[PDB]
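Asks: just the structure for this:
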Amino acid sequence: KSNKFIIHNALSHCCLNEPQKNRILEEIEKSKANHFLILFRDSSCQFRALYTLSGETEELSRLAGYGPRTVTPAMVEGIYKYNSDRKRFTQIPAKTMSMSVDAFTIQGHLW
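Replies: Residues are numbered from 1 along each chain as shown. Now the structure:
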């Protein structure tokens, strides 16, 4: 599995401002990663950064944008999925990280 197409769709049509957007979309193509996640500042879902998830370490690594280099499960607050037709993200009830997860927030003190 991968969610690269969902993420490209969200970045293109929801989150993002053209020269930055293109820079980020370029980062995604050079990436060999399968699972990408968007970091938001808060529950209003404004883009901060883009991460890739390692299944082996369970850690999120920053690929682009404004955010910490590494995000662990303890640091994650909320998790979200993208809805393409509605052009918005919706909060998922807390659960183990999985491929359905497209975006997240982190604990506030981490900023």
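Asks: can you classify residue 12 by secondary structure?
Replies: helix (DSSP: H, G, I helix; E, B strand; the rest coil).
Asks: check contacts around it.
Replies: 21, 25 (C-beta atoms under 8 Å, 6 or more residues apart in numbering). Yep, even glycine has a C-beta here, placed from its N, CA and C like the rest.
Asks: does residue 74 count as helix, strand or coil?
Replies: Classified using three-state DSSP, residue 74 is helix.
Asks: report the separation between it and residue 3.
Replies: According to C-beta to C-beta, to the nearest Å, residue 74 stands 23 Å off from residue 3.
Asks: which of the two has more neighbours?
Replies: residue 3 (20 against 7; other C-beta atoms under 10 Å).
Asks: who touches that one in this structure?
Replies: Contact partners of residue 3, counting by C-beta under 8 Å, 6+ apart, are 34-36, 99, 102.
Asks: over to residue 39?
Replies: By C-beta under 8 Å, 6+ apart, the residues touching residue 39 are 47-51, 65, 67, 71, 103-106.
Asks: and the two most separated of these?
Replies: 47 and 71 (15.2 Å; C-beta to C-beta).
Asks: so which of the contacts of residue 3 is the most crowded?
Replies: residue 36 leads the contacts of residue 3 on contacts (other C-beta under 10 Å) with 25 neighbours.
Asks: and that residue, bridged to which residues?
Replies: residue 52 (DSSP bridges).
Asks: can I get the longest helix seen in the chain as CSV, trimmed to CA atoms?
Replies: Criterion DSSP state H: the longest helix present in the chain is helix 18-30. Coordinates of the C-alpha atoms in helix 18-30 are reproduced here as CSV (Å, rounded to 0.1, in the frame of the first residue of the first chain):
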residue,chain,number,x,y,z
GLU,A,18,2.8,28.0,-5.8
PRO,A,19,6.7,28.0,-5.6
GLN,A,20,6.5,26.2,-2.2
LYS,A,21,3.8,23.8,-3.3
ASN,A,22,5.9,22.7,-6.3
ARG,A,23,9.0,22.4,-4.1
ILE,A,24,7.1,20.0,-1.8
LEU,A,25,5.5,18.0,-4.7
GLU,A,26,9.1,17.6,-6.0
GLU,A,27,10.2,16.2,-2.6
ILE,A,28,7.5,13.6,-2.8
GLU,A,29,8.6,12.2,-6.2
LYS,A,30,12.3,11.9,-5.2
